[PDB]
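Student: Got a file for you: input04.cif, mmCIF, C-alpha atoms and all ligand atoms.
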```cif
data_input
loop_
_atom_site.label_atom_id
_atom_site.label_comp_id
_atom_site.auth_asym_id
_atom_site.auth_seq_id
_atom_site.Cartn_x
_atom_site.Cartn_y
_atom_site.Cartn_z
CA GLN A 516 -64.59 -16.05 -38.20
CA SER A 517 -65.68 -16.40 -41.94
CA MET A 518 -66.22 -14.32 -45.12
CA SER A 519 -67.82 -14.50 -48.56
CA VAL A 520 -66.20 -13.31 -51.79
CA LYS A 521 -68.23 -13.76 -55.08
CA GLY A 522 -70.52 -16.41 -53.47
CA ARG A 523 -67.43 -18.39 -52.27
CA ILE A 524 -67.00 -18.86 -48.47
CA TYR A 525 -63.59 -18.77 -46.79
CA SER A 526 -62.81 -19.47 -43.12
CA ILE A 527 -60.26 -17.16 -41.35
CA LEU A 528 -57.39 -19.43 -40.11
CA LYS A 529 -55.15 -16.46 -38.97
CA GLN A 530 -54.48 -12.79 -39.77
CA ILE A 531 -51.27 -12.48 -41.81
CA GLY A 532 -50.96 -8.69 -41.98
CA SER A 533 -52.09 -5.39 -40.51
CA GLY A 534 -52.51 -2.19 -42.49
CA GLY A 535 -54.10 1.06 -41.44
CA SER A 536 -56.86 0.52 -43.98
CA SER A 537 -56.16 -3.15 -44.76
CA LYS A 538 -55.63 -6.58 -43.21
CA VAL A 539 -54.36 -9.83 -44.80
CA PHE A 540 -55.94 -13.11 -43.70
CA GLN A 541 -54.73 -16.69 -44.10
CA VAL A 542 -57.93 -18.49 -45.16
CA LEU A 543 -59.28 -21.88 -46.22
CA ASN A 544 -61.99 -22.54 -48.81
CA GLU A 545 -64.78 -25.14 -48.91
CA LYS A 546 -62.28 -27.47 -50.59
CA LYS A 547 -59.95 -26.68 -47.69
CA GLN A 548 -57.39 -24.92 -49.89
CA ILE A 549 -55.37 -22.08 -48.36
CA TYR A 550 -55.57 -18.53 -49.74
CA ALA A 551 -54.75 -15.00 -48.62
CA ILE A 552 -57.58 -12.39 -48.56
CA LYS A 553 -56.41 -8.72 -48.47
CA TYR A 554 -59.34 -6.82 -46.97
CA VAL A 555 -59.31 -3.06 -47.60
CA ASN A 556 -61.95 -0.97 -45.82
CA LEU A 557 -63.27 1.84 -48.02
CA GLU A 558 -65.30 3.66 -45.36
CA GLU A 559 -62.93 6.62 -45.15
CA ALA A 560 -60.97 6.77 -48.39
CA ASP A 561 -60.24 9.75 -50.63
CA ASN A 562 -61.02 9.52 -54.34
CA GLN A 563 -57.34 9.85 -55.21
CA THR A 564 -56.61 6.92 -52.91
CA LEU A 565 -59.42 4.93 -54.51
CA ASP A 566 -57.90 5.42 -57.94
CA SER A 567 -54.56 4.01 -56.79
CA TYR A 568 -56.17 0.79 -55.56
CA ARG A 569 -58.03 0.41 -58.84
CA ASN A 570 -54.71 0.85 -60.66
CA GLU A 571 -52.86 -1.74 -58.54
CA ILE A 572 -55.77 -4.28 -58.94
CA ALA A 573 -55.84 -3.76 -62.79
CA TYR A 574 -52.04 -4.26 -62.80
CA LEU A 575 -52.23 -7.50 -60.77
CA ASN A 576 -54.91 -8.66 -63.28
CA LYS A 577 -53.09 -8.12 -66.67
CA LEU A 578 -49.66 -9.29 -65.49
CA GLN A 579 -51.07 -12.61 -64.26
CA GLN A 580 -50.93 -13.96 -67.86
CA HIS A 581 -47.41 -12.57 -68.44
CA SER A 582 -45.63 -14.06 -65.42
CA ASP A 583 -45.94 -16.37 -62.43
CA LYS A 584 -43.33 -14.24 -60.62
CA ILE A 585 -46.23 -11.99 -59.61
CA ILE A 586 -48.52 -13.21 -56.84
CA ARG A 587 -51.62 -14.89 -58.25
CA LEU A 588 -54.87 -13.03 -57.68
CA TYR A 589 -57.66 -15.58 -58.09
CA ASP A 590 -60.67 -13.33 -57.47
CA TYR A 591 -61.74 -9.89 -56.25
CA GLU A 592 -64.89 -8.15 -54.82
CA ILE A 593 -65.09 -4.37 -54.71
CA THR A 594 -67.75 -2.18 -53.15
CA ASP A 595 -67.88 1.40 -51.95
CA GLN A 596 -67.40 0.10 -48.41
CA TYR A 597 -64.68 -2.50 -49.02
CA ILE A 598 -62.28 -4.37 -51.26
CA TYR A 599 -61.73 -8.13 -50.98
CA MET A 600 -58.91 -9.82 -52.91
CA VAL A 601 -58.40 -13.59 -53.18
CA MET A 602 -54.67 -14.26 -53.62
CA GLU A 603 -52.34 -17.25 -53.19
CA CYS A 604 -50.85 -17.84 -49.76
CA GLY A 605 -47.10 -17.48 -49.40
CA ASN A 606 -44.93 -18.93 -46.67
CA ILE A 607 -43.52 -15.54 -45.62
CA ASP A 608 -42.43 -12.07 -46.79
CA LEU A 609 -38.77 -11.60 -47.79
CA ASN A 610 -38.07 -8.93 -45.07
CA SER A 611 -39.48 -11.04 -42.17
CA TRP A 612 -37.56 -14.02 -43.52
CA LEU A 613 -34.29 -12.11 -43.88
CA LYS A 614 -34.34 -10.94 -40.28
CA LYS A 615 -34.97 -14.52 -39.15
CA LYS A 616 -31.94 -16.03 -40.89
CA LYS A 617 -28.43 -14.85 -40.01
CA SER A 618 -26.80 -16.54 -43.01
CA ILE A 619 -28.18 -17.23 -46.49
CA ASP A 620 -27.12 -20.00 -48.85
CA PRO A 621 -25.39 -18.76 -52.01
CA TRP A 622 -27.64 -20.96 -54.15
CA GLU A 623 -30.81 -19.62 -52.52
CA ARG A 624 -29.66 -16.03 -53.04
CA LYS A 625 -29.07 -16.74 -56.74
CA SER A 626 -32.57 -18.30 -57.06
CA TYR A 627 -34.28 -15.45 -55.20
CA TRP A 628 -32.32 -12.89 -57.27
CA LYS A 629 -33.37 -14.43 -60.63
CA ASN A 630 -36.98 -14.46 -59.39
CA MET A 631 -36.83 -10.77 -58.32
CA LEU A 632 -35.29 -9.69 -61.66
CA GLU A 633 -37.91 -11.72 -63.74
CA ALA A 634 -40.84 -10.13 -61.78
CA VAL A 635 -39.55 -6.53 -61.84
CA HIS A 636 -38.76 -6.96 -65.51
CA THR A 637 -42.41 -7.80 -66.21
CA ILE A 638 -43.69 -4.64 -64.51
CA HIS A 639 -41.22 -2.60 -66.56
CA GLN A 640 -42.48 -4.11 -69.80
CA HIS A 641 -45.92 -2.66 -69.16
CA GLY A 642 -44.31 0.64 -68.14
CA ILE A 643 -44.58 0.30 -64.37
CA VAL A 644 -41.75 1.49 -62.14
CA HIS A 645 -42.20 0.58 -58.49
CA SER A 646 -39.67 3.14 -57.27
CA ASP A 647 -40.13 1.76 -53.75
CA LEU A 648 -38.58 -1.70 -53.81
CA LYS A 649 -37.82 -3.24 -50.43
CA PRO A 650 -37.82 -6.87 -49.32
CA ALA A 651 -41.41 -6.62 -48.01
CA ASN A 652 -42.69 -6.24 -51.60
CA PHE A 653 -41.54 -9.86 -52.10
CA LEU A 654 -43.05 -13.12 -50.87
CA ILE A 655 -41.62 -16.66 -50.62
CA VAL A 656 -44.22 -19.01 -52.21
CA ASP A 657 -42.59 -22.50 -51.95
CA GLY A 658 -38.96 -21.68 -52.95
CA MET A 659 -40.09 -19.01 -55.43
CA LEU A 660 -40.01 -15.29 -54.72
CA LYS A 661 -43.05 -13.36 -56.01
CA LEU A 662 -43.85 -9.60 -56.24
CA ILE A 663 -46.83 -8.56 -54.06
CA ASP A 664 -47.34 -4.92 -55.13
CA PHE A 665 -46.29 -2.21 -57.56
CA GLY A 666 -46.20 0.24 -54.65
CA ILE A 667 -49.33 2.18 -55.54
CA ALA A 668 -51.26 0.65 -52.63
CA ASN A 669 -50.32 1.08 -48.97
CA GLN A 670 -47.68 -1.30 -47.57
CA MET A 671 -48.15 -3.52 -44.51
CA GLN A 672 -46.36 -4.88 -41.40
CA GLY A 685 -40.87 2.69 -43.26
CA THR A 686 -37.25 2.39 -44.64
CA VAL A 687 -35.14 4.78 -46.78
CA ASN A 688 -32.11 2.42 -47.27
CA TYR A 689 -33.28 1.18 -50.71
CA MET A 690 -33.83 4.68 -52.25
CA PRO A 691 -32.01 5.62 -55.49
CA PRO A 692 -29.90 8.83 -55.80
CA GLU A 693 -32.06 10.04 -58.76
CA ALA A 694 -35.25 10.03 -56.57
CA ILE A 695 -33.55 12.31 -53.96
CA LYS A 696 -31.89 14.43 -56.69
CA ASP A 697 -35.21 15.32 -58.31
CA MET A 698 -36.42 16.83 -55.05
CA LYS A 710 -35.72 11.31 -63.18
CA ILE A 711 -37.13 7.91 -62.21
CA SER A 712 -36.53 5.06 -64.67
CA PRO A 713 -36.56 1.25 -64.65
CA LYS A 714 -32.86 1.79 -63.70
CA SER A 715 -34.20 3.22 -60.31
CA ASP A 716 -35.61 -0.23 -59.54
CA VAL A 717 -32.11 -1.72 -60.29
CA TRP A 718 -30.61 0.47 -57.48
CA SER A 719 -33.25 -0.75 -54.93
CA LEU A 720 -32.71 -4.43 -55.98
CA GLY A 721 -28.91 -4.06 -55.72
CA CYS A 722 -29.39 -2.90 -52.15
CA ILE A 723 -31.44 -5.99 -51.39
CA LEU A 724 -28.83 -8.23 -52.97
CA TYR A 725 -26.11 -6.27 -51.17
CA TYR A 726 -28.02 -7.05 -47.96
CA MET A 727 -27.99 -10.87 -48.72
CA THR A 728 -24.32 -10.70 -49.54
CA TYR A 729 -23.05 -8.43 -46.76
CA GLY A 730 -25.93 -8.68 -44.21
CA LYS A 731 -26.49 -4.89 -44.28
CA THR A 732 -27.75 -2.29 -46.83
CA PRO A 733 -25.12 0.04 -48.45
CA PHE A 734 -25.91 3.01 -46.12
CA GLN A 735 -27.46 1.31 -42.95
CA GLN A 736 -24.22 2.48 -41.07
CA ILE A 737 -25.37 6.18 -41.20
CA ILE A 738 -27.61 7.15 -38.25
CA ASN A 739 -28.94 10.60 -39.40
CA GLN A 740 -31.51 10.05 -42.21
CA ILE A 741 -30.64 13.49 -43.60
CA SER A 742 -26.89 12.55 -43.73
CA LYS A 743 -27.92 9.15 -45.18
CA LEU A 744 -29.77 10.84 -48.09
CA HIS A 745 -26.60 12.97 -48.59
CA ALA A 746 -24.49 9.76 -48.50
CA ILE A 747 -26.78 8.14 -51.17
CA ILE A 748 -26.34 11.18 -53.45
CA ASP A 749 -22.65 11.99 -52.81
CA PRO A 750 -20.37 10.93 -55.66
CA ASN A 751 -17.41 11.32 -53.30
CA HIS A 752 -18.81 8.94 -50.72
CA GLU A 753 -17.66 5.48 -51.76
CA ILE A 754 -19.60 2.29 -51.14
CA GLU A 755 -17.70 -0.54 -49.48
CA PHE A 756 -17.44 -3.75 -51.50
CA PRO A 757 -15.44 -6.27 -49.37
CA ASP A 758 -13.74 -9.24 -51.06
CA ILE A 759 -15.99 -12.32 -51.52
CA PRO A 760 -15.54 -15.81 -53.04
CA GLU A 761 -18.12 -15.12 -55.78
CA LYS A 762 -16.49 -12.66 -58.16
CA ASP A 763 -19.60 -12.57 -60.34
CA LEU A 764 -21.74 -11.70 -57.34
CA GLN A 765 -19.37 -8.87 -56.46
CA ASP A 766 -19.56 -7.65 -60.05
CA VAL A 767 -23.36 -7.54 -60.05
CA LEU A 768 -23.48 -5.37 -56.95
CA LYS A 769 -20.85 -2.94 -58.19
CA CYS A 770 -22.85 -2.63 -61.51
CA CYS A 771 -26.28 -2.08 -59.68
CA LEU A 772 -25.05 0.57 -57.23
CA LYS A 773 -23.52 3.02 -59.83
CA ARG A 774 -24.98 6.42 -58.68
CA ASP A 775 -25.41 7.54 -62.32
CA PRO A 776 -28.44 5.64 -63.81
CA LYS A 777 -27.13 6.06 -67.41
CA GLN A 778 -23.92 4.28 -66.16
CA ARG A 779 -26.13 1.77 -64.15
CA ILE A 780 -26.85 -1.77 -65.48
CA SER A 781 -30.32 -2.68 -66.81
CA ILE A 782 -32.62 -5.55 -65.82
CA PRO A 783 -32.38 -7.18 -69.26
CA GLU A 784 -28.59 -6.99 -69.05
CA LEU A 785 -28.69 -8.31 -65.47
CA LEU A 786 -30.62 -11.33 -66.87
CA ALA A 787 -27.68 -12.08 -69.22
CA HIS A 788 -25.11 -11.79 -66.41
CA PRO A 789 -22.82 -14.64 -65.39
CA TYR A 790 -24.14 -14.61 -61.81
CA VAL A 791 -27.77 -15.24 -62.75
CA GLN A 792 -26.77 -17.86 -65.38
CA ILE A 793 -23.56 -19.46 -64.12
CA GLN A 794 -23.18 -21.27 -60.80
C1 LIG B 801 -44.85 -12.44 -41.66
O1 LIG B 801 -45.61 -13.63 -41.81
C2 LIG B 801 -46.18 -13.90 -43.03
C3 LIG B 801 -46.07 -13.09 -44.14
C4 LIG B 801 -46.69 -13.45 -45.32
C5 LIG B 801 -47.42 -14.63 -45.39
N1 LIG B 801 -48.09 -15.02 -46.54
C6 LIG B 801 -48.69 -14.18 -47.43
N2 LIG B 801 -49.34 -14.76 -48.46
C7 LIG B 801 -49.95 -13.93 -49.28
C8 LIG B 801 -49.95 -12.52 -49.15
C9 LIG B 801 -50.58 -11.62 -50.03
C10 LIG B 801 -50.48 -10.29 -49.79
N3 LIG B 801 -49.81 -9.76 -48.76
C11 LIG B 801 -49.20 -10.58 -47.91
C12 LIG B 801 -48.50 -9.91 -46.83
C13 LIG B 801 -48.03 -8.58 -46.80
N4 LIG B 801 -47.41 -8.30 -45.66
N5 LIG B 801 -47.47 -9.48 -44.94
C14 LIG B 801 -46.89 -9.58 -43.62
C15 LIG B 801 -48.11 -10.44 -45.63
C16 LIG B 801 -49.23 -12.03 -48.03
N6 LIG B 801 -48.59 -12.87 -47.17
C17 LIG B 801 -47.52 -15.44 -44.26
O2 LIG B 801 -48.26 -16.58 -44.45
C18 LIG B 801 -48.38 -17.49 -43.36
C19 LIG B 801 -46.91 -15.08 -43.08
#
```
Please, can you express the file's structure as structure tokens?
Ligand SMILES: COc1ccc(Nc2ncc3ccnc(-c4cnn(C)c4)c3n2)c(OC)c1
Tutor:
Amino acid sequence: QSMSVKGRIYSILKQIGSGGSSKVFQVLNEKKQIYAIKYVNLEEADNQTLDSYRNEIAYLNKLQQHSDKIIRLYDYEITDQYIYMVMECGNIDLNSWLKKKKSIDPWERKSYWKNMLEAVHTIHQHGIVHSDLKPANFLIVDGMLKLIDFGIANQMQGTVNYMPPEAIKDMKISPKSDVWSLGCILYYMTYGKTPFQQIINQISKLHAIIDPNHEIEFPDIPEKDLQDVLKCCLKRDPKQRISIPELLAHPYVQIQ
């Protein structure tokens, strides 16, 4: 097939993602340059839902200038019936990639970590807290990890393993809540499992996330700095939890 976005024609090479209201296509332009078009159908969307999309688009727009750790959005076309967004094409999402590889290089993990931190930090500067970080929110774009969404818009092909105790306790959120979710991801690339994956019952799991008494397992590893970063990220009390700016000045992110 084919599609037009602001007079520019793109040919559909493959469909990258499936969403209830959206699809992601791998496409090529007239110049034969690859791009990803997120198509969102607006035929049956509530006004509240519409506002969220407008917020996530506006966010992708301003940040562009601030950082390259956020996926580049080249162009967009919005109508009552649909939303078309011209973005850069990544090799793969971080979740799909993680499942594929049994073991991850220490150097790669350090590079991906510094990229995640730098991107999340940018969103925080503007006052945005994702509160829903998971690997799928990340995308490998030629050795660089980029942030796809701020979580306002619907995710595509959910988990509870990356949820911070303060989210569940409120039932508040702070940039420190994003640190918890990131620490889980890092903990996953260091131990191959999320801190609470071992609990079957999702109710018991939420209890495990919020129980001070429950103690997270931190097995001995060659990288002491790496071990230190995890321990510092997964402190149940956010006031006692490390910050992104501090994490950027850590030995692990700066010393190999
Ligand atoms: C799982 O396989 C892929 C995931 C992502 C990509 N690339 C890519 N590039 C830009 C994107 C922009 C927005 N959303 C996605 C996305 C979200 N979920 N999935 C799934 C892809 C993008 N994926 C891919 O390319 C060939 C394959």
Student: Each residue of chain A with at least one atom at most 8 Å from ligand LIG 801 (chain B) should appear once, together with its nearest atom pair and the corresponding distance in Å (one decimal); atoms considered: all atoms listed in the file; ordering: chain, then increasing residue number; output as a Markdown table.
Tutor:
```
| residue | atom | partner | partner_atom | distance |
| --- | --- | --- | --- | --- |
| A:531 | CA | B:LIG801 | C19 | 5.2 |
| A:532 | CA | B:LIG801 | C14 | 4.5 |
| A:533 | CA | B:LIG801 | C14 | 7.4 |
| A:539 | CA | B:LIG801 | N3 | 6.0 |
| A:541 | CA | B:LIG801 | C18 | 6.4 |
| A:550 | CA | B:LIG801 | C7 | 7.3 |
| A:551 | CA | B:LIG801 | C7 | 5.0 |
| A:552 | CA | B:LIG801 | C9 | 7.2 |
| A:553 | CA | B:LIG801 | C10 | 6.3 |
| A:586 | CA | B:LIG801 | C9 | 7.3 |
| A:602 | CA | B:LIG801 | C9 | 6.0 |
| A:603 | CA | B:LIG801 | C7 | 5.7 |
| A:604 | CA | B:LIG801 | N2 | 3.7 |
| A:605 | CA | B:LIG801 | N2 | 3.6 |
| A:606 | CA | B:LIG801 | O2 | 4.6 |
| A:607 | CA | B:LIG801 | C4 | 3.8 |
| A:608 | CA | B:LIG801 | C3 | 4.6 |
| A:611 | CA | B:LIG801 | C1 | 5.6 |
| A:612 | CA | B:LIG801 | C1 | 7.7 |
| A:651 | CA | B:LIG801 | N4 | 6.7 |
| A:652 | CA | B:LIG801 | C13 | 7.6 |
| A:654 | CA | B:LIG801 | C4 | 6.6 |
| A:655 | CA | B:LIG801 | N1 | 7.8 |
| A:656 | CA | B:LIG801 | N2 | 7.6 |
| A:663 | CA | B:LIG801 | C10 | 5.9 |
| A:670 | CA | B:LIG801 | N4 | 7.3 |
| A:671 | CA | B:LIG801 | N4 | 5.0 |
| A:672 | CA | B:LIG801 | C14 | 5.2 |
```
Student: Any idea what's packed within 12 Å of residue A:665, counting all atoms listed in the file, ignoring anything in its chain fewer than 4 positions away? Could you give it as number ranges by chain?
Tutor: A: 567-568, 570-575, 578, 585-586, 634-639, 641-649, 651-653, 661, 669-670, 716
Student: Pick the closest to residue A:546 from A:524, A:562, A:619, A:569: which is it, counting all atoms listed in the file?
Tutor: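 Smallest distance to residue A:546 is found for A:524.
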Student: Out of A:598, A:559, A:687, A:548, which residue has the shortest atom-to-atom distance to residue A:739 when counting all atoms listed in the file?
Tutor: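 Going through A:598, A:559, A:687, A:548 one by one, the smallest distance to residue A:739 is for A:687.
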Student: Distance atom CA of residue A:616-atom CA of residue A:688, one decimal place?
Tutor: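 Separation between atom CA of residue A:616 and atom CA of residue A:688: 19.5 Å.
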Student: Measure the distance from atom CA of residue A:544 to atom CA of residue A:597 in Å and round it to one decimal.
Tutor: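 Between atom CA of residue A:544 and atom CA of residue A:597 the gap works out to 20.2 Å.
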Student: Could you please determine the separation between atom CA of residue A:723 and atom CA of residue A:549 in Å, to one decimal place?
Tutor: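 Result for atom CA of residue A:723 versus atom CA of residue A:549: 29.0 Å, one decimal.
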Student: Point out the residue among A:728, A:771, A:753, A:790 with the least atom-to-atom distance to residue A:620, counting all atoms listed in the file.
Tutor: A:728
Student: Which polymer residues, whether protein, DNA or RNA, lie within 8 Å of the coordinate (-17.0, -10.2, -47.1) when you count only C-alpha atoms? List them as a list in words, using the chain letters and numbers from the file.
Tutor: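 Selection result: residues 728, 729, 756, 757, 758 and 759 of chain A.
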Student: Could you tell me which of A:577, A:529, A:779, A:615 comes closest to residue A:713 if we count all atoms listed in the file?
Tutor: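 Closest candidate: A:779.
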Student: Of the candidates A:745, A:696, A:625, A:714, which shows the shortest atom-to-atom distance to residue A:794, using all atoms listed in the file?
Tutor: A:625
Student: Output as AutoDock Vina command-line options the centre and edge lengths (Å, one decimal) of the box along x, y and z of the file that holds every listed atom of stretch 537-540 of chain A after adding 6 Å on each side.
Tutor:
```
--center_x -55.3 --center_y -8.1 --center_z -44.0 --size_x 13.8 --size_y 22.0 --size_z 13.6
```
Student: Ranking A:782, A:747, A:668, A:662 by minimum distance to residue A:695 and counting all atoms listed in the file, which one comes first?
Tutor: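 Looking only at the distances to residue A:695, the closest residue turns out to be A:747.
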Student: Show which residues sit within 9 Å of residue A:626, as a ChimeraX atom specification. Count only C-alpha atoms, and ignore same-chain residues fewer than 4 positions away.
Tutor: /A:621-622,630-631,658-660,791
Student: Please list as number ranges by chain every residue within 12 Å of residue A:778, counting all atoms listed in the file and excluding residues in the same chain fewer than 6 positions away.
Tutor: A: 714-715, 717-718, 769-772
Student: Show which residues sit within 7 Å of residue A:768, as a list in words. Count only C-alpha atoms, and ignore same-chain residues fewer than 4 positions away.
Tutor: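 The filter keeps residues 721, 725, 764 and 772 of chain A.
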